[PDB]
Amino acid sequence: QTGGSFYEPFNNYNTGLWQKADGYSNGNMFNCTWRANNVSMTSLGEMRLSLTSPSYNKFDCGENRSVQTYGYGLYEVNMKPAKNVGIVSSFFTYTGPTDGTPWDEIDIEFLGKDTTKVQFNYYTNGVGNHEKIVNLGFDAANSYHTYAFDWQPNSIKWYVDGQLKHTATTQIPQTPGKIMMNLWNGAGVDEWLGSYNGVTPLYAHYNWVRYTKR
């Protein structure tokens, strides 16, 4: 890994820690194009991701990613996801083929269709299917909450406001990855996310991020 512990309050946009995806679509289930203009800072000290439309039936989305790689340790995010059918707001670690490594990823994803729930998942050497849906007891879209994952060699623990919500112990990822955040509308996954209805603009806000090395 190339990165160390850090605390990001989002008082400004630190180009030394982050970079914006721009000018391309992930393809597959992503029905939008990443644009640097879709990642911006608010006056209230927050990073905001947006889902907008530049023309008929075309969508623009946002993705923020870290410059360095991070390994084992505690990952915390204080955020508020977007609320709307057919979309996803997330916080995850990622590394893959493009980077010349196995596909190792750990996720925290909010299905816009129902913000009273949260989904946890992970990929190890490209193998996923570890989805775990948890009831939050509140509407994540209404206020800020702290979401976290403790990534250790033999286990992954997920928390909501300090409370342990789920643990994973098999086929734990090992490759350090970049910290990422995104907001997007899907296609071909109606059963999972619901059918996107074209409503824009939509926003996901990030208050602060923290990574504490092992």
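Residue positions are given as counts along the sequence shown, with the first one as 1.
Novice: Please compare 104 to 112 with 124 to 132 and say which has the higher mean C-alpha temperature factor in the record.
Specialist: Between 104 to 112 and 124 to 132, it is 124 to 132.
Novice: Pick between 163 to 171 and 29 to 37: the one whose mean CA B-factor in the entry is higher.
Specialist: Between 29 to 37 and 163 to 171, it is 163 to 171 that shows the higher mean C-alpha B-factor.
Novice: Just to confirm, going by the entry's C-alpha B-factors, which of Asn185, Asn182, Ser53, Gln152 comes out highest?
Specialist: Of the options given, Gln152 has the highest CA B-factor in the PDB entry.
Novice: Name the third of the chain's ranked CA B-factors that contains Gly86, choosing lowest, middle or highest.
Specialist: Within its chain, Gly86 is a lowest-third residue by C-alpha B-factor, going by the deposited values.
Novice: Thinking about Cα B factors across the chain, which third does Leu44 belong to?
Specialist: For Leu44, whose C-alpha B-factor we compare with every modelled residue in the chain, the answer is the highest third.
Novice: What third of its chain's C-alpha B-factors does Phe10 belong to: lowest, middle or highest?
Specialist: Highest third, going by the recorded CA B-factors of the chain.
Novice: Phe138's Cα B-factor: lowest, middle or highest third of the chain?
Specialist: Top third by C-alpha B-factor.
Novice: Lowest, middle or highest third: where is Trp192 by Cα B-factor in its chain?
Specialist: Its C-alpha B-factor, which the entry lists for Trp192, ranks in the middle third among residues of this chain.
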